[PDB]
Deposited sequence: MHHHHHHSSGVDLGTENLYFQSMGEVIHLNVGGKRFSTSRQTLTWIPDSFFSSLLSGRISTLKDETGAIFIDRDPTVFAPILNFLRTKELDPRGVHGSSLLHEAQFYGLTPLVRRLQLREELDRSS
């Protein structure tokens, strides 16, 4: 049961599950999977992959581990955006 989704994000390859990409509703991925594919049949995402790895690992693990915030906003990853903004609030000295 389930579906394996292969992604090509600006030339860097990732493989994940449909579940991982769709637990956040109304996101970029929600729409994407409701498209452009490369030679290999992977879904192509025309974005810099530099911070995609930490985005993907958040979607997998539901825990964290700025450009990350900006990409999370682009992809419409609501809880990640929130937790990143609150991380900033936590650090405030004024």
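Sequence ranges without modelled C-alpha atoms (deposited numbering): Counting from residue 1, the stretches without coordinates are 1 to 22, 57 to 60, 92 to 97.
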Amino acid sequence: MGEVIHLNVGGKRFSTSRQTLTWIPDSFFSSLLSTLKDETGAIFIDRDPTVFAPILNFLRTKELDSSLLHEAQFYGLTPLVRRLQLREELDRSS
From here on, numbers count along this sequence of modelled residues.
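Residue stretch of maximal mean CA temperature factor, 16 to 24 vs 68 to 76: Comparing 16 to 24 with 68 to 76, the higher mean C-alpha B-factor belongs to 68 to 76.
Third of the chain's Cα B-factor distribution that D91 belongs to, per the entry: It belongs to the middle third of the chain when residues are ordered by C-alpha B-factor.
For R47, the third of its chain into which the C-alpha B factor falls: It falls in the bottom third of the chain.
Entry-reported Cα temperature factor of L33, expressed as the chain third it lands in: Middle third of the chain for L33's C-alpha B-factor.
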